[PDB]
Structure formats: C-alpha cells, structure tokens
Amino acid sequence: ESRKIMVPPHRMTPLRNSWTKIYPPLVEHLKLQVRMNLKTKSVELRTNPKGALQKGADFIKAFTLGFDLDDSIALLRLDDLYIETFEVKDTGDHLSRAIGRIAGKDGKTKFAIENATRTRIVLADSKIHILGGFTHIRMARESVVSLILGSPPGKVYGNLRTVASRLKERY
RNA sequence: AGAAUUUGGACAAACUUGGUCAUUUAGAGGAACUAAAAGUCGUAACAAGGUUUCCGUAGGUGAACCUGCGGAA
C-alpha cells in the first residue's frame, strides 16, 4: 500500500536540496519506504511489513504545497495540526489586487495575520494554504476571506488584535 | 533745389500767477453718530495596499547572490 504525491516544477529544486532532511523522519521515525520518481516528478511512499502512510503523505504534501521544511516537520509531528487549501475565486480588478490586499507592502498583512492567528499562510498567485489548529485556521480563514471580500484595514487589524488575545486566553 | 540775414507769419510743448478747480493745512475749535474682546490646554491629526517558491532574460557579475522585466503555482 502506497501513495503518490506529484511535485510541481516550481517546488522541485528545494525538495532536492532539502531532501536529506525530509526522508530521515520518513524512513526511521515513520517506518515507510520512500522513492522519488524522477520520471513522473513524484514521490512514492510504500509500506513495508516491518496508520502513518497518511502522515507521511501529508508531510510531503505540505512541502509540495509550499510550506517550508520545519513547518512540514511541525505537520508531521503535532497531531492537532491541520492545513486548509482554497483558491480565491470570490483579472485586473478582483484577482490582481485582492491578493495584493492579502499580502500588503512587503507581505506585512500576511505576517500580521500569521502572528495574530497562530497559523502560517503560504500565498500563491490565488491559492491560499493555511497551516494551524482548527480554530486557528477558522480565524485566519475568516480574516483572509474578509480582506478579499472588502473590509477596512482598521476593522481587520482590530479583529486581528482581538483574535490573538481571545485565542491565547483561558476562559 | 538750396544756407544766413529775413516780408507776412499763425501754431505753439514746457515754465510762472492763482483758480472757475481738485487737494493739504499752523493745526485748533464746535459736537453728533458708530465701533471697542477676559478664556490653561487640543493632536500630527493628514494617507495607499503584491508576499512565498521556482523559471527565463538583461545588468551588477566571487556565474553565488541582488535588482529590473517576462512567466509558473
């Protein structure tokens, strides 16, 4: 029993140079066997005779999606971690500057929402992936959807301050 | 044609006297009518929203990396 994760040709060279830190938790912590098909540009994970294949698939799928090495190791460990993918889909007007509104100047809005909601976000052209806990993904996604659908920067930043406080608060 | 000197010469700018004028007194009365300002400390208020990871190309190049431009997720 096996899984195949297709590595796109824009995350291929980081996979090869950081490959030597990717396969050791895949081959001794997880006890899988791992091959990298250079023909199909894919990663194959097979099970030996001696429920972790989905964990390894999510590990390399996070790296495939665009999350860094330590972020992917954080997904491989830390059972309470999830990752949500969505396109914008809500062109000059709407597509070419809603993503500029998520980013901001030097990505400071994305950095602010990452630190406020304790997720971390990779923003493609229009493909947003979010790695966090369940409630953390909920709040980061609500704020990202907010500032692609139109909200004032004061409103989204006040909501970010408030969500940081209430997510870290007991009671 | 045409110099002086000159027969008849009119026009005549500007200067002078004041105005028929407009304007100022030495400066001083009369004697109405209108106006008259007492309140620590108050700001920077003032404003837009292209990040990550590759790929090509031009330049700066230890051909590494950076920057600009063009694409991909």
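In our numbering, the protein residues as written are 341 to 511. Even for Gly, the Cβ is constructed at its ideal location relative to N, Cα and C.
Which whole-angstrom value is the C-beta distance of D420 and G473, which I expect to be below 8 Å? 6 Å
For a quick check, are the C-beta atoms of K379 and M352 less than 8 Å apart? no
What residue from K361, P389, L500 and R356 has the CA that sits closest to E341's CA? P389
Output the distance between the C-alpha atoms of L418 and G440, rounded to the nearest integer angstrom. 32 Å
Host alpha helix (DSSP H) of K495 (start-end): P493 to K508
Could you name the residues that DSSP lists as bridge partners for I423? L471
By the DSSP assignment, the alpha helix (DSSP H) with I362 in it spans what residues? No alpha helix (DSSP H) holds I362; DSSP gives it neither H nor E.
Using a threshold of 7 Å, is the CB atom of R356 nearer than that to any non-hydrogen atom of the ligand MN? Although the ligand MN was asked about, the structure shown includes no ligands whatsoever.
For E454, list the residues DSSP reports as bridge partners. DSSP lists no partner for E454.
Tell me which same chain residues have a C-beta within less than 6 Å of the C-beta of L370, skipping the five on either side of it? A392 and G396
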